[PDB]
Structure formats: structure tokens, C-alpha cells
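Participant: quick one, structure for this:
(chains A, B, C, D, E and F)
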Amino acid sequence: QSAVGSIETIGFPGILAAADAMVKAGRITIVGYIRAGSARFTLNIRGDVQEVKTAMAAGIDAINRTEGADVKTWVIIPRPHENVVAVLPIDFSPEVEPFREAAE
Amino acid sequence: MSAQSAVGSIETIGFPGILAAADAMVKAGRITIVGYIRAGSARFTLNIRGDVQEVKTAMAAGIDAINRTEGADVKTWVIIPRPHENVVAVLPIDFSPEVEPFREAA
Amino acid sequence: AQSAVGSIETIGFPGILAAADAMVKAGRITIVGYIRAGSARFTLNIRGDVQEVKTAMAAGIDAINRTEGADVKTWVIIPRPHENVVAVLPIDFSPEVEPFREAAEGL
Amino acid sequence: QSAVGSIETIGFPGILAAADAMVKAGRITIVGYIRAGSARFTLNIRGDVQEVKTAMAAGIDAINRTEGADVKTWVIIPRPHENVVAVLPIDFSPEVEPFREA
Amino acid sequence: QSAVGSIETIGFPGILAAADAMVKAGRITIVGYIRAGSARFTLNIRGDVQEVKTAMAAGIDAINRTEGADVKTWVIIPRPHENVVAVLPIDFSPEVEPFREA
Amino acid sequence: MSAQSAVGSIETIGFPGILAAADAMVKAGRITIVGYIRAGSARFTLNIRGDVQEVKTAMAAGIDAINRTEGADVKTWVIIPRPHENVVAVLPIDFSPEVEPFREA
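Facilitator: Residues are numbered from 1 along each chain as shown, chains lettered A, B, ... in the order given. Below you will find the coordinate block:
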């Protein structure tokens, strides 16, 4: 299992900013987002651990430059367990398969 | 060829504000409104696509329209000039058959 | 030519029920829908001739403000909404409200 | 169109208290409830205007007697327009027709 | 109609604590739960009124021992009207039919 | 015959925190993650099943992972060692086809 990164902000424009900065800074795949409630949004990515760290640094900085946005919470799990991947929305799906291949 | 068109995103509290933004934006720039999100806590997001400069013009018009609306305020906004294809595939900012007549017209 | 759209929002369902009834009785308009916006806020959306929407809107504001526990949070009137707006936001007519559309215009 | 009454409280236990008190106090029909958000719940009833007034009074008192509940907002509309009944969830349904008839 | 009890906590762990304590303390059937919003959860139970009383006290005690939980609101209706049972989510279902029998 | 396995439940603000807790719990104890809840107000619940001591060990690890996570805090948690069947029937803590593989290991 490749590493997983997750980041959360208030507002959709912030997570859009995070998304574009993350995928351009690191060789990673965006696998999903969550409408978390209370206008908070989460973005989830996968990749080599060093690449997720690089991307996450970029996503933090991008949210903090976005009007009205700030980083609420984030984490990186270097090697997620299969039970985690099965239950939480962090697995790959056919719609992002083309981007996984490009990254690897 | 062409790159992905720019994406603009704006958010306010209350639906009347986002209605004001939508109408001002599409009248002020050569853009397509591609969707809206009921974000929670009575916040609404509007997402638009178009040439970078038309998105910048539309966004100024949207900001001004929200600030003129009773009980509305701009909470947050962004423009991404050249969105990556992975972003367009995962987040609700792509075109759809419903709005395809308007992309055409733009 | 796209008819005007009016939108109004309050905290709590009773206040939006009050708005809806006052609006439809005060102006020759059609109520086209409502939104459960979140945080117990509710939106009502109406269509009709611009002057009828204005009259209906004034009546709705006053009805909400008279309702126990409610007040007007936000509202707007767009005289001539763009087709891209009508297509994306829930402000278009539907079969369920066509009978009301016809009556307002026909009267 | 018979009258409509609507009441809203914080928490489900209060709306349950209101529902039971209203239907026992007045000749009315409970037509629906709404999970409004933020743990608020709405109850909507139909009936003759005087019966709706009687039920509403009983509903408010029941909420105030309920542990942790408070009345947030309420209204009565004597003669709701048909467009209102068509768009908002205040109409009768097969599930409550037996109660409409009684 | 048997009695109905309804209780609401902040957080899911509390409603889980309540549920387990309630069904062990009295001869009741848990009939459903509600994700109410704002991280509040409601539990609904049915049974003889004395058994619902016994269960409710046990639910309250259990919530108050649960880290981070709190009782927000609760009620007991001895004999709910059939209109209430039809509209609000407090009736029995096939999934809980075995527990109703005991 | 067999008793119902123990259930643990934990809640924090934000998804990153629940992700941290899930990975730490499943690695620390012989447990199955059976589900999560988007609780509202950006709070997320995670529910796990296992032997009583394994759930206890997993929960301690989940609490420490949430507290180490930027922007997360443990809001509430509980362990029920022996949940009643009616509870498992009504609340979302039962096993499912998706997690059957993990139950067996």
C-alpha cells in the first residue's frame, strides 16, 4: 500500500487550491474528496511517502494563500493497513487509474 | 490544441447571495457555470469555467454582487488558471451535458 | 424572455411557510421550490413578472418578521436571470407547478 | 384547504412530546416531520383552524415540560394556498389518510 | 401501543453506551436511532412503561459515565397515538421483531 | 456457541484524525474496523470489533494517534465488552462482506 495523505479546510475554494498545488508539486494521485459538514472539505491523496510529504507541504501553503481559507487539520500515514483502505474512502478507483499510472 | 480552461470558485452564506453571484458572473464574463454545492451551514459554492481573463472578470463581478446582497458576504474564493486533469476528474468542476449548450455559446 | 426570480431565506421551517403563503397571495407569482439549506435554514424561490416578484417579496419579508422565533436572513430579486443560471440552480419551473404558472399569467 | 400548523424544537424527544400532545388535544392530522439540521426537528399538522390552535397550545406546553427541549419557532396558516401545499411537505399522504378521516 | 422512550446525546459513543445499558436494564426493544445533526444522536425504544422507565434511568447513568458524552434531552410517552407511530420513526420493523418477542 | 465481540467507538473533529486513529488501532490490536460515521459538524466516528483486551489495546493507540494529529482532538470514546444483539442489529457496528476478510485474520 502506497502512503496516504489527507488535508482539510473550511470552504471549497481552499480544497480546490490544495488539490491543484498538491498534484503539481509531487508525483501523487488525488483519489477523492469529502464534503465533511459545516462547509469543511477533505482531500485524500496516495503516492510514495516522500512524494506525499512534498505535495502536502505545497497544499498547506496554497490553502494559506487562498482568500478566506486556512488549514484545519492534516496527516500522512506512510503505509496504511488494508482494513483502513477498505473502509475509508482512500483507495484508487477506475476514474483515477490513468493518473496513478502516470505517477508510477 | 488547448489546455484545461481556468476554474473559478466562490462561496457565501445563503442561497440568495449565490444566485446574485451566478447571474452577475455569467453576464460579466464569457464563462460557463458548471455547478453549485450546498456546502453545509447554509453555505453555497458556485463553480465556473472559461479563459483565464474571462474568469478574472467574472469573479470581480460575482464578489461585487454578493456584497450588494442583503445578508450576504463573500466567505472565500479562488481562481486556478490551469487546473490539472486529476483535479477536474475528482472535484465537481467539469462540464456536463446539461451546461454543454453554454460552453458552446461561450 | 426569462421571468424574474425572487429568493428569500430564514432560520426555521415555520418562517418559510409564512413567507410562501404571504408571497403567493400578495403577487401573481409561482413558488417553484424550496431548499433545506443546512443549520435549520430554509430558502424559498419564486418566479413571475418583475413587479409581481417585488410585491410578493415585500409581503414575504413582513410575514417572516412577524413569525414567532423567525427573522429574514437574506433575500434577492434578479429581474431577468441568464439561462445558464436557470439550468444549474433550482429555480426553473417543473410539471408539479405548471398549473400554478398558468393561473398566475392567465388571471 | 384546511389550516396548517408548524412547530420546531431542538432535539427529537421534544418533537415527539409535541406530536403526541397535539394529536390528543385537537381534531388534527400529523402530516409530516422534518430533520431540519442542527438537531432541530419540525412537525407539521392539518385541521380546522380552531383545532389547530388548540393542538398548537398543547404542543408548546408539552415541549416546555420536556427535559432539555425548548420551542424555537411556530406558526399557524388558516387558509394555505394550493401552490404552498404542492411545494412544501404539508399535504396529506396515503400513510395518514386513516387519521384524516377520523 | 406500548410506551416509547427517546434519549439524545452529543456523540455516537454515548448513544452506544445508552443503547447497551437500556436493553440490559429493562424488558425493551430498541427500534431505531437518528443521526440528528451537529454530532447529536437519538435512540428510540419501546416497551411497558415501567420497563421503559427502568431502561431510561440506566441509559442516563451510562451516558454520564462515558468520556465526552452528555444527555441533551429525553422523554417518555406512556401510550403514543397511532398517528405519531405512523409518522415518526418509533414503530417496530422486521429487523427488530425477534427482540420484541423477548 | 459464541458471545458478541467487544465494540469500541471513538470520535474526533476532522477526517485526518479518524484516519490516524484507524491505522493505529488496527496495527495495535487484533481488531476489525467495521465502519465510520460522518457525524455532522465535521466530526467523524470510527467503530471497531474484537476481543475485549484487543479492543482496549487498540483504543489506547487510537487516542494517542488522534492527539498527535495536527488539528484533531479526542471528543468522546467508549468500549462495550459484550454488546447486546439488539444493539448490533440497530446501530452500525455489525460486520459486513467488505470486512469479513479482516475479521478472519
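
Participant: three-state assignment of the one residue in chain A that gets nearest to chain B?
Facilitator: Of all residues in chain A, residue A:68 sits closest to chain B, at 2.8 Å by C-beta to the nearest C-beta. All C-beta atoms are positioned from the backbone trio N, CA, C, and that covers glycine. Per DSSP: H, G, I helix; E, B strand; the rest coil, the local secondary structure of residue A:68 is coil.

Participant: just residue A:59 next, same as before
Facilitator: Criterion first, three-state DSSP; result for residue A:59: helix.

Participant: OK, contacts around it?
Facilitator: Residue A:59 makes contact with A:7, A:18-19, A:21-22, A:25, A:43, A:74 under the criterion C-beta atoms under 8 Å, 6 or more residues apart in numbering or on different chains.

Participant: need the max-distance pair from the residues you listed.
Facilitator: Within the contacts of residue A:59, A:25 and A:74 form the most distant pair, 14.4 Å apart (C-beta to C-beta).

Participant: thinking again about what came up before, narrow the contacts of residue A:59 to those in helices?
Facilitator: A:18-19, A:21-22, A:25 (DSSP state H).

Participant: tell me if residue A:27 really is in a helix.
Facilitator: No - Residue A:27 sits outside any helix when classified using three-state DSSP, being coil.

Participant: send me stretch A:63-71 as PDB with only the CA atoms.
Facilitator: Only the C-alpha atoms of stretch A:63-71 are listed here, as PDB (Å, rounded to 0.1, in the frame of the first residue of the first chain):
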ATOM      1  CA  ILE A  63      -4.700  26.900   1.300                       C
ATOM      2  CA  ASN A  64      -3.000  29.600   3.400                       C
ATOM      3  CA  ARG A  65      -2.700  31.900   0.400                       C
ATOM      4  CA  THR A  66      -6.300  31.400  -0.600                       C
ATOM      5  CA  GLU A  67      -8.800  34.300   0.400                       C
ATOM      6  CA  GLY A  68     -10.900  33.100   3.300                       C
ATOM      7  CA  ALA A  69      -9.200  29.700   3.700                       C
ATOM      8  CA  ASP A  70      -7.000  28.100   6.300                       C
ATOM      9  CA  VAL A  71      -5.600  24.600   7.100                       C
END
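
Participant: which residues sit against it?
Facilitator: The contact list for stretch A:63-71 (C-beta under 8 Å, 6+ apart) reads A:7-11, A:13-15, A:17-18, A:60, B:11, B:74-78, F:71.

Participant: re earlier: for the contacts of residue A:59, give me a markdown table that also has neighbour count.
Facilitator: Compiled in a markdown table, these are given as follows (neighbours: other C-beta atoms under 10 Å in any protein chain shown):
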| residue | neighbour count |
| --- | --- |
| A:7 | 30 |
| A:18 | 34 |
| A:19 | 27 |
| A:21 | 24 |
| A:22 | 29 |
| A:25 | 17 |
| A:43 | 28 |
| A:74 | 26 |
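
Participant: quick check, nearest of these to chain D?
Facilitator: Proximity of the contacts of residue A:59 to chain D (C-beta to the nearest C-beta) peaks at residue A:43, which lies at 24.7 Å.

Participant: OK, contacts around that closest one?
Facilitator: Under the criterion of C-beta under 8 Å, 6+ apart, the neighbours of residue A:43 are A:6-8, A:15, A:18-19, A:22, A:30, A:32-33, A:59.

Participant: next SSE downstream of the helix or strand harbouring residue A:76?
Facilitator: Assessed by DSSP states H and E, residue A:76 sits inside strand A:71-77. As assigned by DSSP H and E, the chain's next helix or strand after strand A:71-77 is helix A:82-87.

Participant: is that next one up against chain E anywhere?
Facilitator: No - on the criterion C-beta under 8 Å from any C-beta of the partner chain, helix A:82-87 is out of touch with chain E, staying 15.5 Å away.

Participant: does that helix come close to chain F?
Facilitator: Yes - among the residues of helix A:82-87, A:82-84, A:86-87 lie within reach of chain F under C-beta under 8 Å from any C-beta.

Participant: coming back round to it: so which of the ones in helices among the contacts of residue A:59 are also by chain B?
Facilitator: Taking C-beta under 8 Å from any C-beta, the overlap between the ones in helices among the contacts of residue A:59 and the neighbourhood of chain B is residue A:19.

Participant: and the ones in helices among the contacts of residue A:59, which is closest to chain E?
Facilitator: residue A:18 (24.8 Å).

Participant: the closest one touches residue A:62, doesn't it?
Facilitator: Yes - applying C-beta atoms under 8 Å as the test, residue A:18 and residue A:62 come out as touching, 5.6 Å apart.

Participant: what do these two both touch?
Facilitator: In contact with both residue A:18 and residue A:62: no residue, using C-beta under 8 Å, 6+ apart.

Participant: ok, back up a step: of the residues of helix A:82-87 next to chain F, buried ones?
Facilitator: A:83-84, A:87 (16 or more other C-beta atoms under 10 Å in any protein chain shown).

Participant: quick one, phi/psi of residue A:14?
Facilitator: Per-residue torsions, residue A:14: phi -60, psi -40 (degrees, to the nearest 10).

Participant: got it, and residue A:28?
Facilitator: Phi and psi for residue A:28, reported as degrees, to the nearest 10, are phi -140, psi 170.

Participant: show me the contacts for it.
Facilitator: Residues near residue A:28 by C-beta under 8 Å, 6+ apart: A:5, A:22, A:45-47, A:51-52, A:55, A:103.

Participant: one more time with 10 Å, if that's ok
Facilitator: Taking C-beta atoms under 10 Å, 6 or more residues apart in numbering or on different chains, we find residue A:28 in contact with A:2-5, A:22, A:45-48, A:51-52, A:54-56, A:59, A:99-100, A:103, B:86.

Participant: ok, now residue A:86?
Facilitator: By C-beta under 10 Å, 6+ apart, the contact list for residue A:86 reads F:33, F:98-99, F:101-102.

Participant: now it: how far from chain D?
Facilitator: Separation of residue A:86 from chain D (C-beta to the nearest C-beta, to the nearest Å): 30 Å.
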